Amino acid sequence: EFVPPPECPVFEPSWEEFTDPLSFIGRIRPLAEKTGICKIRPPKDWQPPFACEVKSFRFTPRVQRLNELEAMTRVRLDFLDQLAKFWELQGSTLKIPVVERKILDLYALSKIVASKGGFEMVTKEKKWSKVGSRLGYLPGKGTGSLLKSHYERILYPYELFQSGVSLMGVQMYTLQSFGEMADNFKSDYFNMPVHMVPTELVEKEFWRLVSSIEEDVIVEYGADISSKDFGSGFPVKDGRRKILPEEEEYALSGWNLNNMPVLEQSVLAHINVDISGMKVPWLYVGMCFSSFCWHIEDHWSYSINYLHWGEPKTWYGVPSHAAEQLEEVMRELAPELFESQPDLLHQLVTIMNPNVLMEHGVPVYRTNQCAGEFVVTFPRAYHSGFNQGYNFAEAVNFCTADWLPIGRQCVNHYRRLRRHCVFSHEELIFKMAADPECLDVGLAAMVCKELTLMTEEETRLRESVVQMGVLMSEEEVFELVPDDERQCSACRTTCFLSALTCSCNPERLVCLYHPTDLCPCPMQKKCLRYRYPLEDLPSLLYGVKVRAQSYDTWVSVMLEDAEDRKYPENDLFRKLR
């Protein structure tokens, strides 16, 4: 019944193309960009050895019930819809909390609390830990009594309202053993050897199972697994190990996902300035039917995903230019609700059958990722998928010159939601501007383009605030204050260039796009806490415009200055030799 979408392009580079990954990825960009995702087959000789011992690799499995795997079911949405309207009536604007790294499933929570007699029943029986169990929350971190606090604050009043009339007060595992599991499950399921069931058939059954209430099917996986803690699946030189000479090659390869963030063309390659969460790969142990939902990368960045070993991983991809279109159809499922909670759209995990997106006009492509192949994801390319079988994968994010203006647009969009920021885009650009040499020429060029656009937009914001009637101008070093303190009262964007403070609160901030929402205290007194006194315009645009317009002229001892300034060498250095 399920209709496979068209396949995304594969790329089989030569050994020479394969030597500089990010340059090879900029070559295929104009083409792969249009499918959102794409597959990459390294030379068949290229076979890095798996660094990890499977027999002693202990991970805690998470679990998936493909029936309740879709969160945007009619019932859950209408519940949140009504619950929001309830809190509007009371004049208090539903605020959905976060528990153990992800949003609280209130619908599930009220269903369960109600199924065992309601809030006070569950309290006077102390079954709040059982609740958090059935909600999948990992014990015994105390979540039981954390839910009670939330239920009471948010759901008990609705429980009463929804209840009778009832309102008067108050208010305001081993990798080894895991393979045994997986292979046994798959064979018992299809009554075949695992390596013998065809891909197309698993694909058909998966999407069946998502919408089937007629039967329940549970599955286990592993994720939220840092290389930092568990170790990378690649060899790397960090003192943990003598690296064998058989491996030396692969420890240095730019396709080793531990080296990608640091390559000369990566944005983070020199900013030893902030833990961005992704300079460090993540591991994904997979099982038949294990799945990941539709998502885009934080700050709309690239993802690259290597399947170390195992059975294939199925993907689905959507080009960036269809991203606004993709979100639009998901929003159709509860427009009123997503009005009040714009970012709730992304917080809510979904596997929308690709067919559905296609019959709504959304381009969708697909591929089977096989052991030893890469998958690349392009900025704002939604993607999802499921595993054909037991396998093991490793992934990073990364950012390139061509991403810088997308990153800037992404903050503008996070700002127009109420979405936190993993880092300050503007800070990133200055940290790059503050080391113009040894900075890939492309970036430099792009930085200038991007930095001038910000000097403008800032000075506009800087001049607009003096009319409003602020006088004093303190000067602060934002990068040295923790993110959570330099965020905006209501944006909530990490401020770096400039923000507004007043004396009502010792430290409660607002970005310059929202200067009214700081505090009723009139603008009469200060304060525009800034970072540079508009004496940056000459300085920093210079160092970059230097290395930007030094390469412009150099092309128009010459082969020496390119070696000193660390220039690139594809067609231009070729003509040298």
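Throughout, we count residues from 1 along the sequence that is shown.
Undergrad: Between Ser556 and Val557, what class does the number of missing deposited residues fall in: none, 1 to 3, 4 to 9, or 10 or more?
TA: In the record, 10 or more residues between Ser556 and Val557 lack coordinates.
Undergrad: Neighbours in the displayed sequence, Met172 and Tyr173 may still hide a gap; how many deposited residues lack coordinates there, none, 1 to 3, 4 to 9, or 10 or more?
TA: Gap size class: 10 or more residues without coordinates, per the record.
Undergrad: So 247-255 or 303-311, which one's hotter by mean CA B-factor in the entry?
TA: Comparing 247-255 with 303-311, the higher average CA B-factor belongs to 247-255.
Undergrad: Going by the average Cα B-factor in the PDB entry, point out whether 14-22 or 559-567 comes out higher.
TA: Higher of the two, by average CA B-factor, is 559-567.
Undergrad: Of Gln409, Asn272, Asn397, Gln388, which one's C-alpha B factor is largest in the deposited record?
TA: When the deposited C-alpha B-factors of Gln409, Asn272, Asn397, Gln388 are compared, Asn272 is largest.
Undergrad: From the list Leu31, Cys519, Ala51, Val54, select the residue with the highest C-alpha B factor recorded in the entry.
TA: Spelled out: the listed residue with the top C-alpha B-factor is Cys519.
Undergrad: Would you mind checking where the Cα B-factor of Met287 ranks among the modelled residues of its chain, as the lowest, middle or highest third?
TA: According to the entry, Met287 has a C-alpha B-factor in the chain's lowest third.
Undergrad: For the chain shown, is the CA B-factor of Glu328 in the lowest, middle or highest third of its modelled residues?
TA: It belongs to the middle third of the chain when residues are ordered by C-alpha B-factor.
Undergrad: Quick check on the deposited entry: does the C-alpha B-factor of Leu576 sit in the lowest, middle or highest third of its chain?
TA: As the PDB entry reports it, the C-alpha B-factor of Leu576 lands in the highest third of its chain.
Undergrad: Lowest, middle or highest third: where is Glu475 by Cα B-factor in its chain?
TA: According to the entry, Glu475 has a C-alpha B-factor in the chain's highest third.
Undergrad: Quick check on the deposited entry: does the C-alpha B-factor of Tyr532 sit in the lowest, middle or highest third of its chain?
TA: Ranked within chain, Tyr532 CA B lands in the highest tercile.
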